[PDB]
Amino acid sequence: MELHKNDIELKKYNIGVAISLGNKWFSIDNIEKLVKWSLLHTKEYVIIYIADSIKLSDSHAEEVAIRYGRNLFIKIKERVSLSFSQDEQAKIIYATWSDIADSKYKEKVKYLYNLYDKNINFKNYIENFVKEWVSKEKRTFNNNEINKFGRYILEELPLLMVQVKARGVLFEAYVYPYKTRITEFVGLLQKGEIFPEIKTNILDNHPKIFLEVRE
C-alpha cells in the first residue's frame, strides 16, 4: 500500500494503526500490511490499538478491549513474529484502552459527555450521525440504542482529534485505509468549523494527523 506528505518520507511522525474490529477490511492480512507500511514510514514507533466497533465495564471501548482486543492482539503478535525481523518487532507497541485512556484523556471524554447531555444540537447531530451509519446496515435499532452508540463515538473522539500518549509514547499520526464520515467530521472539528466550543476546550493546537493508506 501507499499514502494517498513530505513529512512522512522524512519520517517526522510516529504512526498509530487504528483497527476497527468488525469492519470487513481489517482482516489479519490487511492489518499486517498496515503494520508493515507503518514500520517503514514511522519516525520510531508503531502503536496498534482497537479504535471502534461500527456488560463487563462502564466504558464500551474497555468492554470491547477485554472481550475481543486481547485475542485480536494475540493473533497479531503471532503473525508479526513470523513476518518481521526481531528488531522491527521492537518498534511495535500494543496499546490497550487503558494505555490510552489516561486521566488527561478522560477529562476530554467527560467534556464531550457533558456536552452530549446539555447541548441538544450536539446530541442530535451525533445521533443522526449514528442513524446514517446504521441506515445502511440491514439490522435496525431503537432510539435508546442509537443514543448509546453516540456516546461510544464520543469516547473515541479525542483520540481522533488530539495527539495523545500510549505507554508514554506520543504518536502524531495514524493510518486508516479511507476517508469516513467520522474523519470528515473530525477534520471540521479540528478547524473549529463545526461545534467550535469543542476545539476551544479539548484541542491543544497539536492536531492528530490522519494518513490515508490503501492498496
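Counting begins at 1, following the sequence as shown.
Going from residue 54 to residue 55, you skip over 4 to 9 residues of the deposited sequence that the entry leaves unmodelled. Counting the unmodelled positions of the deposited sequence between residue 4 and residue 5 gives a gap of 4 to 9 residues. Per the PDB record, of the two stretches 45 to 53 and 152 to 160, 45 to 53 carries the greater mean B-factor over its C-alpha atoms. Set 72 to 80 against 127 to 135 and average the Cα temperature factors; 127 to 135 ends up higher. Sort the modelled residues of the chain by CA B factor and residue 169 lands in the middle third.
The PDB entry assigns residue 20 a C-alpha temperature factor belonging to the lowest third of its chain's modelled residues. When the CA B factors of the chain's modelled residues are split into thirds, the value for residue 89 lands in the middle one. In the PDB entry, a CA B factor belonging to the highest third of its chain's modelled residues is recorded for residue 141.
Looking at the C-alpha B-factors along this chain, the one for residue 198 belongs to the lowest third.
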